[PDB]
């Protein structure tokens, strides 16, 4: 809508207070005009019809419990936009400041979130397995990263290329979590998963096998579930990325860590410059080595650590 930019205040899913960019025109709308062509948050009103109604509020205060998922979807979309702009010089997901749209309150008791090809969508969860999914910044950044991947490499959502697609979203979801820097970790979804059980998460990058996911190529899933295991075999790549950053010895192979910032730079370059829709794990390794070479030289520690990380997980 057309109106006056302003700043409102609200409470997110976890009860934390934050400021949000809104637009005023009779009502106050969740429309942030300060980032590219805008960030827009919609109410799907417990239906599956999308996008729903652009979120309108009478007083620019968002403290009602119904408000919380919208506050967080709106605010964390902004953080993610800032991460891509400030760190990788990328303007929104298409690189040309496309408007970012999110809908919340999708369906009833819906235990997931997703990018549908044009916007992000967030369920409220059933209160048992999940609380509203926009409450996790790693979850928001994961979904928005699918949009980035679709506009760049275009990795098909099947088999190895699909597992790479998933790992990239987990990797950048985590890097964005570290960017915002409130209790960052190498786990996925811990803020919104199983409110009744502390210390768990949906996936682990530091130790995928904790939840039964493979951490070595020899343990890859070869069946047909989950589109050929796109959320399962991602653990192999997530472990590689964790090792490149933090270091460690894994199946007897030692890796010198080079830290998060270099991990992000290498993987972003691989994504945007070298990966293609049908890239497999071996092609990821080659793309990552070539990226690190481009940035730091063929005889760098950086190139060395990428090679050892991929050897450690069994990807040749």
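Numbering follows the first chain given and starts at 1.
When the two stretches 157-165 and 196-204 are set side by side, the higher mean Cα temperature factor goes to 196-204.
Of the two segments, 230-238 and 187-195, the one listed with the higher mean B-factor is 187-195 (C-alpha atoms only).
The PDB entry assigns the greatest CA B-factor among 60, 34, 48, 41 to 34. Looking at 170, 72, 82, 126, the one whose CA carries the top B-factor in the deposited record is 126.
Remark: residue 278 belongs to the middle third of its chain, ranked by C-alpha B-factor as recorded. In the deposited entry, the Cα temperature factor of residue 20 sits in the bottom third of values across the chain's modelled residues.
Ranked against the other modelled residues of its chain, the C-alpha B-factor of residue 215 as given in the entry falls in the highest third. Sort the chain's modelled residues by C-alpha temperature factor and residue 258 lands in the middle third, per the entry.
Looking at the C-alpha B-factors along this chain, the one for residue 286 belongs to the middle third.
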